[PDB]
Structure formats: C-alpha cells, structure tokens
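Structure file work.txt with compact mmCIF, C-alpha atoms:
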# COMPACT_ATOMS: atom_id res chain seq x y z
CA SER A 1 0.00 0.00 0.00
CA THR A 2 0.90 3.67 -0.22
CA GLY A 3 -0.37 7.05 0.94
CA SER A 4 0.02 10.61 -0.30
CA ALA A 5 -1.07 13.75 1.53
CA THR A 6 -0.56 17.44 0.90
CA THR A 7 1.12 19.44 3.66
CA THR A 8 0.46 23.15 3.96
CA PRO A 9 2.29 25.99 5.73
CA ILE A 10 0.34 27.34 8.71
CA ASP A 11 1.32 30.96 8.01
CA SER A 12 3.22 33.24 5.65
CA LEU A 13 6.54 32.38 7.30
CA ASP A 14 6.34 28.58 6.99
CA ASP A 15 6.52 28.37 10.80
CA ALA A 16 5.15 24.83 10.52
CA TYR A 17 3.20 22.61 8.17
CA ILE A 18 -0.14 20.83 8.69
CA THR A 19 -1.34 17.68 6.99
CA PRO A 20 -4.93 16.41 7.17
CA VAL A 21 -5.35 13.10 9.02
CA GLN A 22 -8.54 10.99 9.28
CA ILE A 23 -9.16 9.52 12.75
CA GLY A 24 -11.94 7.18 13.76
CA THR A 25 -15.21 5.96 12.25
CA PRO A 26 -16.83 7.96 10.78
CA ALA A 27 -13.68 9.89 9.98
CA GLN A 28 -12.79 12.93 12.07
CA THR A 29 -10.30 15.01 10.09
CA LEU A 30 -7.65 16.84 12.11
CA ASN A 31 -4.75 18.91 10.78
CA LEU A 32 -1.57 17.49 12.34
CA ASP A 33 2.02 18.68 12.42
CA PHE A 34 4.08 15.78 11.05
CA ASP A 35 7.16 15.71 13.22
CA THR A 36 10.21 13.58 12.33
CA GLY A 37 11.75 14.71 15.65
CA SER A 38 9.21 13.04 17.95
CA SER A 39 7.22 9.82 18.15
CA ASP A 40 3.80 10.55 19.63
CA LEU A 41 0.58 11.00 17.67
CA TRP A 42 -1.41 13.28 19.97
CA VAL A 43 -4.51 15.37 19.41
CA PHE A 44 -6.66 18.08 20.85
CA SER A 45 -9.75 16.25 22.02
CA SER A 46 -13.03 16.33 23.88
CA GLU A 47 -10.94 15.57 26.98
CA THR A 48 -8.74 18.65 26.65
CA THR A 49 -9.17 21.26 29.41
CA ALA A 50 -11.69 23.68 27.89
CA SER A 51 -9.68 26.79 28.77
CA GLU A 52 -6.75 25.36 26.79
CA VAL A 53 -8.66 24.91 23.53
CA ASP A 54 -8.82 27.98 21.24
CA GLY A 55 -10.10 27.21 17.76
CA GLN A 56 -8.56 23.78 17.22
CA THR A 57 -10.56 20.91 15.80
CA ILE A 58 -10.93 18.19 18.43
CA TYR A 59 -11.04 14.41 18.29
CA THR A 60 -14.06 13.03 20.14
CA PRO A 61 -13.42 9.32 20.78
CA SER A 62 -16.98 8.75 22.02
CA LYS A 63 -18.27 9.53 18.52
CA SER A 64 -15.98 6.94 16.93
CA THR A 65 -17.26 3.38 16.72
CA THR A 66 -13.71 2.05 16.32
CA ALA A 67 -12.19 3.95 19.28
CA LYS A 68 -11.12 1.86 22.30
CA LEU A 69 -9.59 3.21 25.50
CA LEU A 70 -6.08 1.87 26.01
CA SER A 71 -6.69 1.02 29.61
CA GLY A 72 -4.23 2.51 32.09
CA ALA A 73 -2.07 4.21 29.47
CA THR A 74 -0.94 7.82 29.83
CA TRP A 75 1.50 10.05 27.99
CA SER A 76 3.43 13.23 28.68
CA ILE A 77 5.83 15.01 26.38
CA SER A 78 8.01 18.12 26.46
CA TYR A 79 9.50 19.51 23.26
CA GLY A 80 12.76 21.34 22.64
CA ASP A 81 10.96 24.69 22.54
CA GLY A 82 9.63 24.21 26.08
CA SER A 83 6.08 23.34 25.08
CA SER A 84 4.33 20.26 26.47
CA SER A 85 1.17 18.16 26.49
CA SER A 86 -0.19 15.09 28.26
CA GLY A 87 -3.21 12.87 28.57
CA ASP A 88 -4.57 9.38 28.04
CA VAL A 89 -4.66 6.99 25.09
CA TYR A 90 -7.13 5.47 22.68
CA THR A 91 -6.55 3.09 19.82
CA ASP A 92 -8.44 3.91 16.64
CA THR A 93 -8.25 3.81 12.86
CA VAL A 94 -6.00 6.48 11.36
CA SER A 95 -5.55 7.24 7.67
CA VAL A 96 -3.10 9.57 5.95
CA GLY A 97 -3.57 10.30 2.28
CA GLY A 98 -5.37 7.00 1.64
CA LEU A 99 -3.06 4.84 3.78
CA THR A 100 -4.88 3.23 6.71
CA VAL A 101 -3.61 1.85 10.03
CA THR A 102 -6.00 0.11 12.39
CA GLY A 103 -5.23 0.03 16.10
CA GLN A 104 -3.08 3.16 16.03
CA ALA A 105 -2.37 4.76 19.41
CA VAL A 106 -4.08 8.15 19.39
CA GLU A 107 -2.94 10.13 22.39
CA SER A 108 -5.75 12.33 23.65
CA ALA A 109 -4.63 15.59 25.26
CA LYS A 110 -6.01 16.43 28.71
CA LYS A 111 -3.53 19.31 29.01
CA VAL A 112 -1.56 21.37 26.49
CA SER A 113 0.87 24.25 27.12
CA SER A 114 0.03 27.77 26.06
CA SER A 115 2.04 27.58 22.82
CA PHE A 116 -0.29 24.88 21.52
CA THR A 117 -3.45 26.65 22.70
CA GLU A 118 -2.29 29.82 20.97
CA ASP A 119 -1.79 28.03 17.66
CA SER A 120 -5.30 27.58 16.29
CA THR A 121 -4.09 25.91 13.09
CA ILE A 122 -2.42 22.85 14.66
CA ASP A 123 -4.79 20.15 15.99
CA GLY A 124 -2.00 17.86 17.17
CA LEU A 125 1.25 16.19 16.22
CA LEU A 126 1.98 13.01 14.27
CA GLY A 127 5.41 11.77 15.26
CA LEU A 128 7.66 10.07 12.71
CA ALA A 129 10.90 9.60 14.65
CA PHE A 130 11.72 6.14 15.99
CA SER A 131 9.18 4.45 18.26
CA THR A 132 11.78 4.19 21.03
CA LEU A 133 11.01 7.88 21.81
CA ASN A 134 7.26 7.29 22.23
CA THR A 135 6.15 8.51 25.66
CA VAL A 136 3.19 6.23 26.38
CA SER A 137 3.39 4.45 29.72
CA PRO A 138 3.38 1.72 30.89
CA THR A 139 3.31 0.21 27.38
CA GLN A 140 5.22 2.15 24.76
CA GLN A 141 3.32 2.58 21.48
CA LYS A 142 4.41 2.53 17.84
CA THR A 143 4.36 5.45 15.41
CA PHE A 144 1.98 5.56 12.47
CA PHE A 145 4.92 4.83 10.14
CA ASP A 146 6.05 1.86 12.20
CA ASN A 147 2.52 0.42 12.23
CA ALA A 148 2.17 0.94 8.45
CA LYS A 149 5.64 -0.27 7.46
CA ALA A 150 5.02 -3.95 6.80
CA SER A 151 2.06 -3.10 4.55
CA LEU A 152 3.88 -0.42 2.52
CA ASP A 153 5.15 -1.17 -0.99
CA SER A 154 8.53 0.06 0.27
CA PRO A 155 9.39 0.85 3.92
CA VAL A 156 9.85 4.57 3.42
CA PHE A 157 8.22 7.93 3.64
CA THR A 158 9.27 11.15 1.97
CA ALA A 159 9.04 14.79 2.90
CA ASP A 160 8.72 17.40 0.14
CA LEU A 161 8.09 20.68 1.98
CA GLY A 162 7.28 23.80 0.04
CA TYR A 163 8.71 27.28 0.37
CA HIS A 164 5.71 29.54 0.96
CA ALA A 165 3.65 26.83 -0.78
CA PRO A 166 2.11 23.40 -0.23
CA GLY A 167 4.13 20.22 -0.43
CA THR A 168 3.71 16.49 0.02
CA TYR A 169 4.27 13.63 2.45
CA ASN A 170 4.29 10.25 0.69
CA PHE A 171 4.32 6.84 2.36
CA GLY A 172 5.54 3.67 0.73
CA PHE A 173 6.97 5.01 -2.52
CA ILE A 174 9.46 7.46 -3.99
CA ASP A 175 7.93 9.87 -6.51
CA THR A 176 10.67 10.10 -9.11
CA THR A 177 9.00 13.17 -10.71
CA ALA A 178 9.34 15.20 -7.50
CA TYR A 179 13.10 15.83 -7.58
CA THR A 180 15.92 16.66 -9.98
CA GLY A 181 19.11 14.65 -10.43
CA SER A 182 19.80 11.73 -8.09
CA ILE A 183 18.96 11.01 -4.47
CA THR A 184 22.10 10.79 -2.30
CA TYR A 185 21.73 8.45 0.65
CA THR A 186 23.59 8.83 3.92
CA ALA A 187 23.90 6.81 7.13
CA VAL A 188 21.55 7.18 10.09
CA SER A 189 22.15 6.58 13.80
CA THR A 190 19.00 5.64 15.71
CA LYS A 191 20.85 5.66 19.05
CA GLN A 192 19.03 8.82 20.24
CA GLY A 193 15.73 7.84 18.59
CA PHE A 194 16.10 10.49 15.86
CA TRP A 195 16.84 10.52 12.15
CA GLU A 196 20.42 11.45 13.01
CA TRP A 197 23.02 11.84 10.27
CA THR A 198 26.29 13.58 9.46
CA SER A 199 26.50 16.37 6.94
CA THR A 200 29.83 16.61 5.13
CA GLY A 201 30.12 20.41 5.33
CA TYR A 202 28.81 23.76 4.21
CA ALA A 203 29.27 26.82 2.05
CA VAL A 204 28.01 30.38 2.47
CA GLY A 205 26.74 32.04 -0.69
CA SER A 206 29.24 31.64 -3.53
CA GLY A 207 32.05 30.85 -1.07
CA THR A 208 34.19 27.76 -1.09
CA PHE A 209 32.85 24.59 0.48
CA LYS A 210 34.21 23.74 3.93
CA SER A 211 34.56 20.00 4.46
CA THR A 212 33.62 19.29 8.05
CA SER A 213 31.38 16.73 9.77
CA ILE A 214 28.18 18.12 11.25
CA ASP A 215 26.08 15.60 13.21
CA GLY A 216 22.41 16.56 13.32
CA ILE A 217 18.80 15.45 13.01
CA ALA A 218 16.36 15.71 10.14
CA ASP A 219 13.43 17.31 11.94
CA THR A 220 10.30 18.41 10.08
CA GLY A 221 8.85 19.63 13.39
CA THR A 222 11.47 22.32 13.90
CA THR A 223 11.11 25.52 11.88
CA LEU A 224 14.72 26.69 11.60
CA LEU A 225 18.21 25.39 10.84
CA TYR A 226 20.31 25.07 14.06
CA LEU A 227 24.04 24.57 13.51
CA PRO A 228 27.30 25.00 15.48
CA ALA A 229 28.15 28.58 16.49
CA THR A 230 31.22 28.63 14.20
CA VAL A 231 29.14 27.83 11.11
CA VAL A 232 26.36 30.25 12.02
CA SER A 233 28.85 33.08 12.68
CA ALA A 234 30.45 32.47 9.29
CA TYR A 235 27.02 32.75 7.65
CA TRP A 236 25.82 35.94 9.35
CA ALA A 237 29.23 37.61 8.88
CA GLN A 238 28.27 37.85 5.20
CA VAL A 239 25.18 39.95 5.95
CA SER A 240 25.82 43.66 6.61
CA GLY A 241 24.41 44.67 9.96
CA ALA A 242 23.56 41.18 11.17
CA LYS A 243 24.13 40.51 14.85
CA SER A 244 23.29 38.06 17.59
CA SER A 245 20.78 39.65 19.94
CA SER A 246 20.37 38.07 23.37
CA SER A 247 17.27 40.21 23.92
CA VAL A 248 15.61 38.82 20.78
CA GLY A 249 17.02 35.29 21.17
CA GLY A 250 19.33 34.88 18.19
CA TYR A 251 20.64 36.38 15.00
CA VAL A 252 18.75 39.29 13.52
CA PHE A 253 19.54 41.25 10.36
CA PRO A 254 18.35 44.41 8.65
CA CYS A 255 15.15 43.69 6.74
CA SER A 256 16.73 45.66 3.85
CA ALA A 257 19.41 42.96 3.41
CA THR A 258 19.67 40.45 0.58
CA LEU A 259 20.58 37.10 2.20
CA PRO A 260 23.21 34.76 0.73
CA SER A 261 22.36 31.13 0.13
CA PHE A 262 23.60 28.37 2.42
CA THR A 263 24.78 25.03 1.08
CA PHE A 264 25.02 21.82 3.12
CA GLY A 265 26.77 18.59 2.13
CA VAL A 266 25.17 15.19 1.87
CA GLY A 267 28.02 12.85 1.07
CA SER A 268 29.57 14.26 -2.10
CA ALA A 269 26.28 16.01 -3.01
CA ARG A 270 25.19 19.55 -2.14
CA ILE A 271 21.84 21.01 -1.14
CA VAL A 272 21.44 24.77 -1.68
CA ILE A 273 19.12 26.75 0.58
CA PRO A 274 18.23 30.00 -1.22
CA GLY A 275 18.77 33.15 0.78
CA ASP A 276 15.05 34.00 0.84
CA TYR A 277 14.38 30.76 2.79
CA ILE A 278 16.49 32.18 5.63
CA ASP A 279 14.30 35.30 6.09
CA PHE A 280 11.74 34.94 8.91
CA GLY A 281 10.60 38.53 8.79
CA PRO A 282 10.29 41.34 11.29
CA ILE A 283 11.02 40.46 14.92
CA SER A 284 7.83 42.29 15.85
CA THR A 285 5.14 43.82 13.68
CA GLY A 286 6.53 46.87 11.89
CA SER A 287 10.16 46.36 12.90
CA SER A 288 12.96 46.77 10.40
CA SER A 289 14.94 44.08 12.24
CA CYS A 290 14.32 40.62 10.77
CA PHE A 291 14.79 37.22 12.36
CA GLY A 292 17.30 34.82 10.85
CA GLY A 293 16.48 31.30 9.72
CA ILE A 294 19.91 29.92 10.60
CA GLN A 295 20.60 29.99 14.35
CA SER A 296 23.15 28.53 16.75
CA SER A 297 22.55 25.08 18.26
CA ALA A 298 24.83 25.90 21.19
CA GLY A 299 22.93 25.01 24.32
CA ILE A 300 20.42 22.87 22.39
CA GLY A 301 22.83 19.96 22.61
CA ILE A 302 22.17 18.81 19.06
CA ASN A 303 22.25 20.29 15.55
CA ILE A 304 18.83 20.41 13.86
CA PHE A 305 18.17 20.31 10.15
CA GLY A 306 14.73 21.84 10.46
CA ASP A 307 12.26 23.02 7.83
CA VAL A 308 14.61 25.76 6.52
CA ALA A 309 17.00 23.02 5.37
CA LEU A 310 14.53 20.24 4.55
CA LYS A 311 12.26 22.39 2.36
CA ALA A 312 15.24 22.93 0.04
CA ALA A 313 15.27 19.20 -0.71
CA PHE A 314 13.28 16.11 -1.46
CA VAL A 315 13.98 13.97 1.58
CA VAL A 316 13.66 10.18 1.88
CA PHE A 317 13.22 8.69 5.31
CA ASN A 318 14.20 5.08 4.66
CA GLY A 319 12.92 2.81 7.43
CA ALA A 320 14.56 -0.35 6.13
CA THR A 321 16.19 -2.69 8.66
CA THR A 322 19.19 -0.40 8.50
CA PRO A 323 17.59 3.03 8.20
CA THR A 324 19.12 5.72 5.95
CA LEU A 325 18.28 9.26 4.78
CA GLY A 326 18.22 10.42 1.19
CA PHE A 327 18.39 13.98 -0.10
CA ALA A 328 17.84 15.27 -3.62
CA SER A 329 17.59 18.75 -5.05
CA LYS A 330 14.23 19.72 -6.55
As structure tokens, the full file:
Amino acid sequence: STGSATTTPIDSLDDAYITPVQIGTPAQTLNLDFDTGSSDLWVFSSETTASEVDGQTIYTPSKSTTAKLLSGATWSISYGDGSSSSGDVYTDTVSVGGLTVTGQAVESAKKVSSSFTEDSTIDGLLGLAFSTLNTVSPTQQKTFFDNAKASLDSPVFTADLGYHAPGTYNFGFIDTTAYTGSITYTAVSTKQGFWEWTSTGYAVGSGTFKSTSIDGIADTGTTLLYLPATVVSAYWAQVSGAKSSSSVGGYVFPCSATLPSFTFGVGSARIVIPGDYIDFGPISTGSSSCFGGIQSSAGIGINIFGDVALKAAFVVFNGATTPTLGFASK
C-alpha cells in the first residue's frame, strides 16, 4: 500500500506545516504537524481542558465506533521549545492520504501548554521519529509509520516541503518526478531515537565549500536550521548589519538585506538553501529588524536540520532494517 497527503504551511513564514489526518469511524479530520523529531501522535480532544482549547478541531473518541480506551495508558511530552502536552490513550483507525492503520495509538490531550493553545491551526502532532522515543506508559506505542511499514510497498516515507507553498508527504513510494538529479543516501544513527546523520560540510553564498562533519537530526517539526556557532557566525558575517541579539534570542539582520544562500553537504552532493528561505521577517510587527532562519545550536545539545533546510530538498526517510536518509535537489 501507499499514501500521499498534501502538507500546507500554517502561516506566511512557513513556521510549521499541517497535513490532514482521518481519525476514527466515521472519519474525524484533524490537521496534524508531522514531526520527524518526535514519536507521539497526539490530538486536541473532547478531553482537553476547555480553557486550553482555542479554535482547534478536536477528536471526540466517544463519537468513533472504532475507538477503544487503552486502559491505564498515559503520555506526557516536552518539546525542545519548552512546550508540552499530556493525557490518556485510545486506539483507533488512522488514515493519511489513503493509507490506513488500524489500532493506532491516538494520544488524547487532557492538558496542552500555552504555545499549543495559541496556535489555532495545529490540531496535534503526528510523530515520525523512531518508536523508542514514544512517551506512552506503561506500554510504549508505535508510530503511524512503524505500524504501516510492513504493509507499505517500500518501507519509506518522503518529505517534500514547500517554500511559501504546499508540499507532500508520501508513504511507501518514492515519486521520481518530484526531484531533480539523483537522491544521495547517507547513514543514520538511531541511538538517540532520531533521524540522526552527518552532513559533510557547508558553504556560504558563492564561497568555497568547507569540508567538516556536522552531526544533526532531520526534523520536520522544527522551523529553523540550528548549527554549530562557528558555522552560524560564518554565515551571518556575510550579511551587513547582522548581529546576535540576546534580547531577541538569536541572529537578527536588517530587513533591507539580501541574504546569501547556504549550502550543506550530503556525502559528495550539495543542497542549496536559497537566501530568501532564511528570512523569517520582522522580529515584531513593523520592525525593520528581521529574524534569521539559521541559528546557533549551542545550548540545544544537538544540531537540527529543520524546515529551513529540509524544504530545500526532497527527503527520503528510509525505514529499512538499516535506516538511511536520502536527499535530492528539486
């Protein structure tokens, strides 16, 4: 089997992407943030504290004939941005773009942190990292991808995120019309539960390529590109007036600037992020100071190839017995 679903930016900055997901019988369609950096499928629901729901579409398990309470199971997650959610667990039928899993763990939120409440466009998360990170207790649950894998034509899913435009998540096949040239595959470590890989280096604008190993994660659930301070300093040094602002929380630059591209290595191949992808607009409404899309990972503890990087490529998440990642230009 296969599935194919369109994923759509939530706002004009591509802060995140939402993909429609059918849950239950009859279907309840929620717009979920597909997150290759976590492993929980959780939703706003009829059980969510009323004061913490603000415009989201909710899953109501009692209206689904195929919903079953996973007795005794609870979940609780905190993300790298400090947001969190927790609740209890149902199993139900879940379909993405025509691909159906029965008995999927659907984690029903009883509580969500303010960041989630404040984002009316995101009805939950669908985790696509390795199931070892799943937070359900006392019985850890499998991701949608893990549940689907055996049934898929090929044990893969692909992310094709758009710049200021819709894109596609495909399950079970590689769309050879969706990218240019060849896909370059690179090794993955699952030791931390992430799609963790090693970039072979970088270039800033038309500058020479620096060969250097950068370990990081392919994370569709993180907006920006977080890299070592040395790399990030070398990038922003090419932008007149750019500076790291502790008050703002990272690198800012004059909105009048033209940003250079940023290239990252995948094996011997190169992915080019156009300069415009690195512009996240005014720091506050009306400001002429703009927020940078490449930021330091120092104090995160890991480098993150977030949407800024991934949207520049067609990305294959290969969940074969030995997982790998593939990147192509597009």
* Which of A:241, A:167, A:172, A:103 sits closest to residue 143 of chain A [using only C-alpha atoms] ->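 For residue 143 of chain A, the nearest of the candidates is A:103.
The spacing separating atom CA of residue 46 of chain A from atom CA of residue 126 of chain A amounts to 18.1 Å.
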* To do: Quick one: everything within 7 Å of residue 94 of chain A, counting all atoms listed in the file, minus sequence neighbours fewer than 5 positions away in the same chain. Send it as JSON, numbers by chain.
  => {"A": [22, 23, 24, 100, 101, 102, 104]}
* Shell of 10 Å around residue 10 of chain A, all atoms listed in the file, local chain residues under 4 positions omitted, as a list in words ->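 What passes the distance filter is residues 14, 15, 16, 17, 18, 19, 33, 119, 120, 121, 122, 164 and 166 of chain A.
Each of A:312, A:133, A:99, A:161 was checked against residue 273 of chain A using only C-alpha atoms; the smallest atom-to-atom distance is that of A:312.
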* Go through A:29, A:38, A:208, A:296 one by one, measure the shortest atom-to-atom distance of each to residue 123 of chain A using only C-alpha atoms, and give the residue with the smallest value. => A:29
Put segment 193-211 of chain A into a file with N, CA and C atoms, as a PDB file, in the first residue's frame.
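Wrote part-v4.pdb, looks like this:
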ATOM      1  N   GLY A 193      17.106   7.889  19.053  1.00  0.00           N
ATOM      2  CA  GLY A 193      15.728   7.840  18.587  1.00  0.00           C
ATOM      3  C   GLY A 193      15.361   8.763  17.438  1.00  0.00           C
ATOM      4  N   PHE A 194      16.335   9.506  16.911  1.00  0.00           N
ATOM      5  CA  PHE A 194      16.097  10.491  15.862  1.00  0.00           C
ATOM      6  C   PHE A 194      16.628   9.997  14.520  1.00  0.00           C
ATOM      7  N   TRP A 195      16.226  10.677  13.457  1.00  0.00           N
ATOM      8  CA  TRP A 195      16.844  10.523  12.149  1.00  0.00           C
ATOM      9  C   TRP A 195      18.136  11.338  12.139  1.00  0.00           C
ATOM     10  N   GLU A 196      19.159  10.754  12.766  1.00  0.00           N
ATOM     11  CA  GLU A 196      20.418  11.454  13.013  1.00  0.00           C
ATOM     12  C   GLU A 196      21.454  11.045  11.977  1.00  0.00           C
ATOM     13  N   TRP A 197      22.112  12.047  11.392  1.00  0.00           N
ATOM     14  CA  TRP A 197      23.019  11.841  10.270  1.00  0.00           C
ATOM     15  C   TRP A 197      24.156  12.842  10.342  1.00  0.00           C
ATOM     16  N   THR A 198      25.120  12.731   9.436  1.00  0.00           N
ATOM     17  CA  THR A 198      26.293  13.584   9.464  1.00  0.00           C
ATOM     18  C   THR A 198      26.469  14.269   8.125  1.00  0.00           C
ATOM     19  N   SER A 199      26.219  15.567   8.114  1.00  0.00           N
ATOM     20  CA  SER A 199      26.495  16.367   6.945  1.00  0.00           C
ATOM     21  C   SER A 199      28.001  16.475   6.746  1.00  0.00           C
ATOM     22  N   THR A 200      28.409  16.594   5.492  1.00  0.00           N
ATOM     23  CA  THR A 200      29.828  16.610   5.128  1.00  0.00           C
ATOM     24  C   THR A 200      30.421  18.016   5.026  1.00  0.00           C
ATOM     25  N   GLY A 201      29.599  19.053   5.238  1.00  0.00           N
ATOM     26  CA  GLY A 201      30.120  20.406   5.326  1.00  0.00           C
ATOM     27  C   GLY A 201      29.153  21.470   4.854  1.00  0.00           C
ATOM     28  N   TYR A 202      29.679  22.654   4.570  1.00  0.00           N
ATOM     29  CA  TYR A 202      28.814  23.762   4.206  1.00  0.00           C
ATOM     30  C   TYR A 202      29.539  24.808   3.368  1.00  0.00           C
ATOM     31  N   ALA A 203      28.746  25.632   2.696  1.00  0.00           N
ATOM     32  CA  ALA A 203      29.267  26.824   2.048  1.00  0.00           C
ATOM     33  C   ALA A 203      28.290  27.965   2.300  1.00  0.00           C
ATOM     34  N   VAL A 204      28.817  29.180   2.326  1.00  0.00           N
ATOM     35  CA  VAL A 204      28.010  30.383   2.467  1.00  0.00           C
ATOM     36  C   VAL A 204      28.016  31.132   1.141  1.00  0.00           C
ATOM     37  N   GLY A 205      26.840  31.345   0.571  1.00  0.00           N
ATOM     38  CA  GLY A 205      26.735  32.040  -0.694  1.00  0.00           C
ATOM     39  C   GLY A 205      27.603  31.390  -1.760  1.00  0.00           C
ATOM     40  N   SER A 206      28.397  32.188  -2.471  1.00  0.00           N
ATOM     41  CA  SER A 206      29.240  31.642  -3.532  1.00  0.00           C
ATOM     42  C   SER A 206      30.636  31.234  -3.024  1.00  0.00           C
ATOM     43  N   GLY A 207      30.790  31.190  -1.708  1.00  0.00           N
ATOM     44  CA  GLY A 207      32.046  30.854  -1.069  1.00  0.00           C
ATOM     45  C   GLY A 207      32.451  29.403  -1.256  1.00  0.00           C
ATOM     46  N   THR A 208      33.694  29.099  -0.906  1.00  0.00           N
ATOM     47  CA  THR A 208      34.192  27.755  -1.089  1.00  0.00           C
ATOM     48  C   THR A 208      33.589  26.839  -0.032  1.00  0.00           C
ATOM     49  N   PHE A 209      33.447  25.574  -0.398  1.00  0.00           N
ATOM     50  CA  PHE A 209      32.849  24.593   0.478  1.00  0.00           C
ATOM     51  C   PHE A 209      33.862  24.174   1.537  1.00  0.00           C
ATOM     52  N   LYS A 210      33.414  24.176   2.787  1.00  0.00           N
ATOM     53  CA  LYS A 210      34.206  23.740   3.929  1.00  0.00           C
ATOM     54  C   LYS A 210      33.845  22.296   4.277  1.00  0.00           C
ATOM     55  N   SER A 211      34.795  21.384   4.111  1.00  0.00           N
ATOM     56  CA  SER A 211      34.560  20.004   4.464  1.00  0.00           C
ATOM     57  C   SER A 211      34.713  19.857   5.966  1.00  0.00           C
TER      58      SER A 211
END
